[PDB]
Amino acid sequence: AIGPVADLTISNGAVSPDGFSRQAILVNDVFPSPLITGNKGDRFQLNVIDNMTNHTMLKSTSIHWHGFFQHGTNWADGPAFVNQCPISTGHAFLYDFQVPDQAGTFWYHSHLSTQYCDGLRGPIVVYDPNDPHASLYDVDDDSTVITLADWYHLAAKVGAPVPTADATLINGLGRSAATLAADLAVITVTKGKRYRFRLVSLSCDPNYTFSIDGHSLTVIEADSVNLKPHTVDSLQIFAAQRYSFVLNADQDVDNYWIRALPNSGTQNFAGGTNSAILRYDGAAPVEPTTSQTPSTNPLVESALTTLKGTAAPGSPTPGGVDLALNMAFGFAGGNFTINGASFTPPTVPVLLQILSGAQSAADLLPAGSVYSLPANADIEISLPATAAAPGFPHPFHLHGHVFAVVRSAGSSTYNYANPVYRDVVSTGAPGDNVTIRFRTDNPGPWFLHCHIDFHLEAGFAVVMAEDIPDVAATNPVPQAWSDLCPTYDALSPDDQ
Ligand SMILES: *[C@@H]1O[C@H](CO)[C@@H](O[C@@H]2O[C@H](CO)[C@@H](O)[C@H](O)[C@H]2NC(C)=O)[C@H](O)[C@H]1NC(C)=O
Ligand SMILES: *[C@@H]1O[C@H](CO)[C@@H](O[C@@H]2O[C@H](CO)[C@@H](O)[C@H](O)[C@H]2NC(C)=O)[C@H](O)[C@H]1NC(C)=O
Ligand SMILES: [Cu+2]
Ligand SMILES: [Cu+2]
Ligand SMILES: [Cu+2]
Ligand SMILES: [Cu+2]
């Protein structure tokens, strides 16, 4: 409902999405943050005007447009101290980029520290006027976007380092243990119509097992990649993932519970927690009293495939690529490690280090955390789960790319012929060996990290410095970008 050219003014104020009042982050004076839309191929010009005054939730900011490749615009990707210095308070900064060849469901969020958990995070839809699945539904609009989010009554830097959520929010509304009469979100449908619901996880931490009483869900898109339609009666969505599903509203006129069970915190639906309302036109304005039936056809990621049936890059055998890397997870001194290194943000953003003459992974900071990738090549990365990295299952995200999930969590098999492609994948439980492949078609430094935001904060990330020799020529930067670091570095600490 705004975009693709729009101002996004960021400020602080009180919100009460679960009927408990707390300070948080507002975007264009609202919470939850507003939906942005455009069409396939559009240029997006989003002018981020930072007016925040609260240092505990951070006065500075930086925005990632999650799922967008940013080819030629690596300076606009978002991550603080990888692709830019943060925008300073009392300043604005224009993200100006295009989205060739992409359409689906995305989202934006702060990518500075754990700031998005304090409320800067909203959905984005990029519509396809020739969507291959358009004929499966009648309604696809602002009222078919469903967000899931975790909410905490203490701020990200006020509560525990890995806190437990006080409420799940669905479209920005939900109940906690103490606010059992708080307003629930309502999603309205008309009997006889078919809906493209675009489900996006804005979570900082928990994954949700999502279902709607009485209704099956036909999944047709995962993380902005078109799928062959695949009907399920429930699905598990990890932080930062998206699915589109068609719901055919062909049940009796009634209210039905929409359920989103987290894997930690309150794990039941007593008093309508973890829930929202699917309301048919004509039904009474009351809560559902429908019953959950056991899921006997849950989404299984290894059973999903792309609409085109695209092979994984490379040849069908392990190590069948130009470069194979394994990421060994661990945890010590309160920090996560990958291959023995913990990510600390460097003071010079990784992109600026490359523009300033850094040539190799060994040159780039932080030391031990940066991997050089060859240009125009195929890559395979395995991310084996281990109890040495507490808080599994960890959902890893690769910026600047979609990847083929050749091996999924909970599966023993490898699929090179027709695997799902996506951009956030659960790395599963000890014994799994989640393995992805992608092509280096996009020069620039790109983050690869756990999307549980509290774990990224604790160092659980690396940077893929893809095609270093071509980064500068491929990504010419605007002078407003070049002015971010001197403005930020001049702040005193209390103004950060
Ligand atoms: C800045 O934001 C923080 C975090 O939201 C606010 O922190 C609150 O601090 C009070 C007073 O100490 C506590 O009782 C609350 O529990 C805190 N809230 C949260 C959500 O953790 C702080 O009040 C904000 N500053 C201003 C001026 O509003
Ligand atoms: C996860 O899979 C990776 C990739 O197959 C395994 O690492 C390979 O292990 C074999 C057997 O030691 C070596 O020959 C290769 O050199 C390794 N490849 C890389 C790129 O390092 C890894 O051992 C698997 N981990 C688990 C727990 O199954
Ligand atoms: Cu993200
Ligand atoms: Cu991302
Ligand atoms: Cu994690
Ligand atoms: Cu990221």
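Values below: every heavy atom of this structure, side chains too, minus hydrogens, waters and symmetry copies. Just so you know, ligand 1 is whichever comes first in the structure, and atom 1 is the first atom listed for that ligand. Start at 1 with the first residue, then count along the sequence.
With a heavy-atom cut-off of 4.0 Å, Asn54 touches ligand 1 through its side chain alone. Contacts with ligand 1 closer than 4.0 Å are made by heavy atoms of both the backbone and the side chain of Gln23.
Of the residues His401, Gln70, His71, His399, the one that meets the side chain to side chain donor-acceptor pair (under 3.5 Å) test with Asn442 is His71. Screening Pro32, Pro123, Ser201 for a side chain to side chain contact (heavy atoms under 4.5 Å, CB included) involving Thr147 leaves a single residue, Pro123. When each of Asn415, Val406, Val425, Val405 is tested with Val420 by the rule side chain to side chain contact (heavy atoms under 4.5 Å, CB included), just one qualifies, namely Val405.
Between the Cu ion (ligand 4) and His451 there is no N/O/S contact shorter than 2.8 Å. Under 2.8 Å from the Cu ion (ligand 4) lies an N/O/S atom of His397, whether from backbone or side chain.
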What does the contact table look like for ligand 2 (nitrogen or oxygen on each side, cut-off under 3.5 Å)?
{"from": "ligand 2", "atom 1": "2 (O)", "to": "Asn433", "atom 2": "ND2", "distance (Å)": "2.4"}
{"from": "ligand 2", "atom 1": "25 (N)", "to": "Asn433", "atom 2": "ND2", "distance (Å)": "2.9"}
{"from": "ligand 2", "atom 1": "28 (O)", "to": "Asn433", "atom 2": "ND2", "distance (Å)": "3.1"}

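Heavy-atom proximity to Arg22, at under 4.0 Å, picks out these atoms of ligand 1: 20 (C). The atoms of ligand 1 that sit less than 4.0 Å from any heavy atom of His153 are 19 (C), 20 (C). Proximity to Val158 (heavy-atom distance under 4.0 Å) selects the following atoms of ligand 1: 21 (O).
Considering backbone and side-chain atoms together, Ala155 places an N or O closer than 3.5 Å to an N or O of ligand 1.
Between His449 and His397, the ring planes are perpendicular. Angles over 60° get that label, and only those under 30° would be called parallel.
Counting only N and O atoms by type, the side chains of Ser315 and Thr317 include no donor and acceptor under 3.5 Å apart.
Listed here is the closest heavy atom pair of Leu491 and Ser60: CD1-OG, 3.9 Å. The heavy-atom pair separating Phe392 from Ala387 by the smallest distance is CE2-CA, 4.1 Å. Listed here is the closest heavy atom pair of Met52 and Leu58: CE-O, 3.5 Å. Taking each heavy atom of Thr179 and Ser176 in turn, the nearest pair found is OG1-OG, 2.7 Å.
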Criterion side chain to side chain donor-acceptor pair (under 3.5 Å) on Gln115 and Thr61, from CA distance to verdict: CA-CA 8 Å; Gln115 186 178 71; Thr61 200; 2.7 Å; yes
